[PDB]
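In the structure tokens that follow, the same protein chain appears in two forms, which are kept apart as structure 1 and structure 2.
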Structure 1
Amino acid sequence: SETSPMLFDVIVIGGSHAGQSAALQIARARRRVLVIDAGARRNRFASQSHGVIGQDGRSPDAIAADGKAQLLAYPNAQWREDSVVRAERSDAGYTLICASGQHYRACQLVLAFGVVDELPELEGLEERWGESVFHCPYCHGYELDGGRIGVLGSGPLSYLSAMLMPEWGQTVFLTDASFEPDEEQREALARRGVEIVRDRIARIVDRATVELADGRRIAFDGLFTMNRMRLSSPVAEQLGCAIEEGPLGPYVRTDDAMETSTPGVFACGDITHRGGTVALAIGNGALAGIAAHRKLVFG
């Protein structure tokens, strides 16, 4: 029928750790901020979050909900559960078109839409993601309690992961024909106490048992993969933001002020070069939010 027009100083696309941290700075600067969030955090798979001082061991859902409530306590902050499908530069800033068909208008944008894990094509793996199969050992290595750990090989980068893993438990480097250690490497692994298993993996079964092509089964307490990741949205590219290749996938380029190559568009969290954890998302999200405010004031 009818509705009143709205205009936001900043719209934050993505409302998990990075976006909430950014939006909070803007809310505290008494500007109008909207978070549009599609409700699918990268960390929606594990039961606990670790490594963020003050939130260590808490449920990711509870951390997200507390942050949302704290932000929405500010009357100048608003939230929409929706997905931005198209971002357009306008004379008056930016227009966002969402999957619902709703449109929103902003002077500036903060991108905080996260990455999506692209898991190896291995039967049983995806079903155990965040339960017995993980990406980052600082996040989940401690809780393995010195047990048996499998490093699912995925190329050269898995070598360093294998070398690091004995900090947390008895490590087996399952190369899965993705990598063959040279002389130096084979010797460094042996010295580190890492066992190398070269046979192809057929599937993961039960909680965390690796079934090899030759029929062998090896039970693990946890498995790690250095998997690829992709940007969760084409919005950065739509806005003309420069995107660069990192070791494990693309990131949105940002400067010291978390600003992308497109003036007035900032980025934070996992989609930036130095993200990858909640602590970093909170930190650089705060930087992006303050930077976005400062541009509203000083251009």
Structure 2
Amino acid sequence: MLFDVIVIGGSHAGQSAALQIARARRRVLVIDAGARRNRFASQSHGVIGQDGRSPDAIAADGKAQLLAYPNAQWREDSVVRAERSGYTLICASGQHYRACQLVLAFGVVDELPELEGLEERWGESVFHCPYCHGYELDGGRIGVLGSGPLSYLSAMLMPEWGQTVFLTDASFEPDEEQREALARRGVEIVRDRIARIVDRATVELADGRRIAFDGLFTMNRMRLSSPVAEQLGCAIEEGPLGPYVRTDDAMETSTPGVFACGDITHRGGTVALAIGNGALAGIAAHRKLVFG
């Protein structure tokens, strides 16, 4: 099957891109594996129009609106191989598809420290993004898990949402500079080894003592969901927390005819930005179909 564009990933970025291509009366296929990065929280925040709505509902509304266009197609599957040919995609199911252009919108995967109790609380009481989930902590106690330079900056912003403690876990020991800057912002440093997280977000130390937090934040590392960008030769840069696919102003990668949007690009990390640069990418892809 030949399409004008195939969009790999059918969450916020992919749907936004696909909608532009559909509205341009071109034949577009979304191939989506169905595991969004935000499948862990009960509510989304920060997107005007969708504030406080469930992520499942946001994603379903968008799928419904895209598929109102009969020239848009959907397939629940995973792309395992992409190659120049236009482009040919091979899916985990064994199905092959072809397209003149591609839009990469497959997202990133969060990689968490190996701390007993932490991962089961992801999106419930342990978070990455204070604009996304800080407000609902209601000014209570917040723990920031230390893990390098960006943790220190996060801890310095976090007092906006509640009383903040920087937790070193007996590993990430701040230097003189970092240390003095925390003390001025009123951020306590706790250096004890953490054995596990219990209850809502209570840190239990190796010596048994507990520190009860209302929420924990981590500036955790992220990986690309798929090797498809690397297969296609798309330039990938290494950010402080993980890789992203390079793009220009029109969201085009270093590989002509392959565009990228959402969390896999440099300005990502939120739904608002996924929607915005997804739309840029979809319009750009269409413009390249017409003018080259």
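Sequence positions of structure 1, starting at 1, serve as the residue numbers. If you superpose the two forms and keep the largest set of C-alpha atoms that fall within 1.5 Å, you have the rigid core. Only residues modelled in both forms are compared.
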Across 227, 78, 170, 185, the single C-alpha shifting 2 angstroms or more between structures 1 and 2 with the core held fixed is at 185
Please give the CA displacement of residue 214 between structures 1 and 2, in Å, after core superposition. 2.2
Value in Å for the CA shift of residue 156 between structures 1 and 2, taken after the core is superposed: 1.8
Where the rigid core has been superposed, how far does the Cα of residue 139 end up moving between structures 1 and 2, given in Å? 0.4
With the rigid core superposed, can you list, in sequence order, the 3+ residue stretches whose C-alpha atoms all shift 2 Å or more between structures 1 and 2? 177-188
